[PDB]
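See below for the structure under consideration.
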2 protein chains.
Amino acid sequence: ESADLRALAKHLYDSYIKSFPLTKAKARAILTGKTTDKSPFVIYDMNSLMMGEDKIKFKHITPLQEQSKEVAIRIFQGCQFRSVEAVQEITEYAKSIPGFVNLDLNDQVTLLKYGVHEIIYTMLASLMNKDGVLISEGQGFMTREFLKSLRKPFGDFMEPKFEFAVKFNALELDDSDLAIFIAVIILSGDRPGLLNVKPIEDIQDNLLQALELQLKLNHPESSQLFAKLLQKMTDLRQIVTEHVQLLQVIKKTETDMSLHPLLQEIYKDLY
Amino acid sequence: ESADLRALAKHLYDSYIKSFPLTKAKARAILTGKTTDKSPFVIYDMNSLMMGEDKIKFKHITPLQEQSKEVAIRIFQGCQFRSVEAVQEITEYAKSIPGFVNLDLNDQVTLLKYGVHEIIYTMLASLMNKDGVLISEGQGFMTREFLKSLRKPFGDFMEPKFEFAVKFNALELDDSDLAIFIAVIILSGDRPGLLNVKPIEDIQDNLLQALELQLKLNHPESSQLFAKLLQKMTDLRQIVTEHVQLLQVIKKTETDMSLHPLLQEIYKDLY
Ligand SMILES: CCCc1c(OCCCOc2ccc3c(ccn3CC(=O)O)c2)ccc2c(C(F)(F)F)noc12
Ligand SMILES: CCCc1c(OCCCOc2ccc3c(ccn3CC(=O)O)c2)ccc2c(C(F)(F)F)noc12
């Protein structure tokens with residue numbers, strides 16, 4: 001039913017605004033300059049990075065760890081911290097998705113374990129453009145060129161996400177759209193080790209309907225926007241697999257690395 | 001006018017029926033012996049428990065967790081699992097209380113965050129009699145005696161809710177009464193961190209009027225039920241402070257640390 005599907009859309013959007021501090025609308029305002037409260041410090045090379053990290057004078061020290069390593073590894077650690085925080089926000093949002101908490105508790109973990117990074121790259125695009133990405137709660141902007149030039153492996157962890165973002169952002173989705181798309185990703189019946197597949201697919205079918213209606217009602221001039229959005233779901237999967245492999249590379253080229261206890265669990269036995 | 005207050009009550013009752021599948025009328029019929037045809041499985045001890053635990057799995061894999069830990073901890077974890085489910089139902093009901101979704105987003109989160117526990121205990125009384133509580137949407141019935149027999153910490157974690165349900169159920173409230181009372185509790189202007197108190201009080205004032213007329217009409221012979229009902233909140237606030245306080249001890253003296261990413265994160269400045 002339309003009325004129902006519209007209510008679900010409205011619901012997902014609300015918990016989305018509640019679960020994710022930096023939305024696309026806000027990210028865009030900062031990137032476009034439209035907003036007015038604090039222009040982002042730009043990090044595009046080694047000297048601006050030092051000044052950006054030590055910029056800590058009027059801006060206190062983020063909850064993330066300090067440092068005592070090289071640049072590449074220090075960015076890797078910042079990506080981990082930030083990624084761990086995202087996971088906490090996505091889990092909170094996942095709980096508001098009608099049906100999700102009613103699922104077998106093991107499948108709730110499985111859908112989270114496999115859909116988390118897919119969601120992190122999808123939403124990370126909201127903070128990107130072809131020249132860089134907003135960091136530190138929209139406080140800074142690290143250029144694509146800088147991140148791409150990091151010694152060997154580290155650089156390849158970044159560029160892929162950018163090529164994805166540039167194509168994903170051409171779809172022009174907004175928060176209300178993304179709120180439903182994210183939910184479609186989490187309720188994926190094809191995740192490895194799911195015990196009760198059908199109940200999860202029935203919910204996804206419902207969200208898929210809500211998403212289609214949402215796309216037709218918010219972008220009436222965008223032909224097949226629904227299909228082209230679902231296609232990007234394959235791009236996401238490639239990002240994660242690629243990422244998982246570069247993680248294997250890093251185990252051979254770096255010394256004591258070790259990921260955060262929460263990220264280690266997600267990657268334990270991951271495709 | 002009465003008519004508007006009565007129309008609000010009916011709106012609240014209808015939303016309530018949609019948000020909460022197992023109503024008091026339904027539960028009381030099961031707790032008694034109406035339409036004798038599906039007497040729930042009664043768990044009255046450890047053997048019966050495990051006998052019915054794998055009985056709601058003997059069919060298929062969809063419990064809350066299975067045998068592989070201390071029974072007391074496993075029952076405590078099932079309570080958490082169900083608690084997170086109830087939160088989602090309460091949230092959905094909240095959205096139907098006139099005025100709620102128009103409040104500041106942050107305040108909504110805050111009202112729910114502190115109100116849910118008071119609501120969960122209030123509503124659990126509908127599923128209890130002096131001797132036990134209906135579980136798994138009325139599929140099971142676990143005896144208060146058994147809940148009480150759980151080792152020291154866990155046992156006295158359950159009994160206070162039974163002590164509260166007996167005294168509460170003596171007020172003889174029905175679903176149409178409870179729908180309004182629930183709404184009154186959610187719209188409490190004294191929760192910590194509320195940004196706009198005035199509007200929350202204005203809404204609650206209209207609900208207090210609705211609840212009072214409802215009680216005056218539905219229970220004419222129950223002298224001052226309205227006042228006695230408001231007074232029960234002091235007992236609920238107390239029950240919550242106890243439960244929260246007892247949660248401290250549990251967090252400070254236990255092994256199993258695998259919980260639901262809701263209640264935990266939810267607790268903040270929570271008395
Ligand atoms: C979600 C990370 C987004 C991100 C950036 O996005 C670029 C693409 C990031 O791709 C990732 C995402 C997650 C990552 C890594 C490396 C490890 N992880 C953690 C994980 O795999 O869960 C790389 C770039 C820089 C930062 C920083 C900074 F280092 F500046 F503090 N924090 O977060 C960044
Ligand atoms: C809402 C709990 C209701 C309840 C029961 O009610 C007894 C009183 C429950 O009191 C509570 C209420 C909330 C609770 C706990 C323990 C943790 N929580 C979550 C929380 O409030 O933080 C205990 C008893 C057993 C179960 C089970 C079973 F273990 F059988 F699967 N599921 O749910 C039960």
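Mind checking which residues of region A:16-36 are on the phi < 0 side of the Ramachandran plot and loosely packed, with under 11 Cβ neighbours inside 10 Å? Listed by number, the residues that qualify are A:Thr32, A:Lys34, A:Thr36. Please count how many residues of region A:220-271 are among the hydroxyl-bearing types (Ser, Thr, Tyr) and in contact (Cβ under 8 Å) with a residue 12 or more places away in the chain. Number satisfying all stated conditions: 5. Evaluation of A:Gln108 against the conditions (1) away from ligand 1 (no atom under 12 Å from the Cβ); (2) in contact (Cβ under 8 Å) with a residue 40 or more places away in the chain shows that the sole unmet condition is (2). Counted as qualifying within region B:124-194 are the helices (runs of 4 or more DSSP H) with 2 or more residues that are within 16 Å of the chain's Cα centre (by Cα) and crowded, with 17+ Cβ neighbours inside 10 Å, namely B:159-169, B:175-186.
Looking at the structure I just gave you, is B:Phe81 out of contact with any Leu (no Cβ under 6 Å at 6 or more places or on another chain) and either within 16 Å of ligand 1 (Cβ to nearest atom) or of a type in the set (A, V, I, L, M, F, W, C) (or both)? Spelling it out, it is not the case that B:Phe81 is out of contact with any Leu (no Cβ under 6 Å at 6 or more places or on another chain) and either within 16 Å of ligand 1 (Cβ to nearest atom) or of a type in the set (A, V, I, L, M, F, W, C) (or both). Considering region A:232-271, the residues that are away from ligand 1 (no atom under 16 Å from the Cβ) and surrounded by 10 or more Cβ atoms within 10 Å (Cβ to Cβ) include one that is nearest to B:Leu259 (Cα to Cα), namely A:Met233.
I want to confirm something. Restricting to region A:83-93 and keeping residues that are more than 9 Å from chain B (Cβ to nearest Cβ) and either closer than 25 Å to A:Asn206 by Cα or buried (at least 17 other Cβ atoms within 10 Å of the Cβ) (or both), which single residue is farthest from the chain's Cα centre (by Cα)? If we take residues in region A:83-93 being more than 9 Å from chain B (Cβ to nearest Cβ) and either closer than 25 Å to A:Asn206 by Cα or buried (at least 17 other Cβ atoms within 10 Å of the Cβ) (or both), then A:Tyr93 is farthest from the chain's Cα centre (by Cα).
Would you pick out the residues in region A:243-258 that are within 23 Å of the chain's Cα centre (by Cα) and in a helix (DSSP H, G or I)? A:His243, A:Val244, A:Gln245, A:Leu246, A:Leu247, A:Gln248, A:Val249, A:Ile250 - these are the residues of region A:243-258 that are within 23 Å of the chain's Cα centre (by Cα) and in a helix (DSSP H, G or I). As a summary of the residue check, A:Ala7 satisfies the conditions (1) surrounded by fewer than 18 Cβ atoms within 10 Å (Cβ to Cβ); (2) within 14 Å of another protein chain (Cβ to nearest Cβ); (3) under 21 Å from the mean Cα position of the chain (by Cα) except for the one numbered (3).
A quick note on method: Cβ atoms are made from the backbone with ideal geometry, for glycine too, and the neighbour counts reach across all protein chains shown. Read-outs: derived from the displayed coordinates by stated rules, not from any lab.
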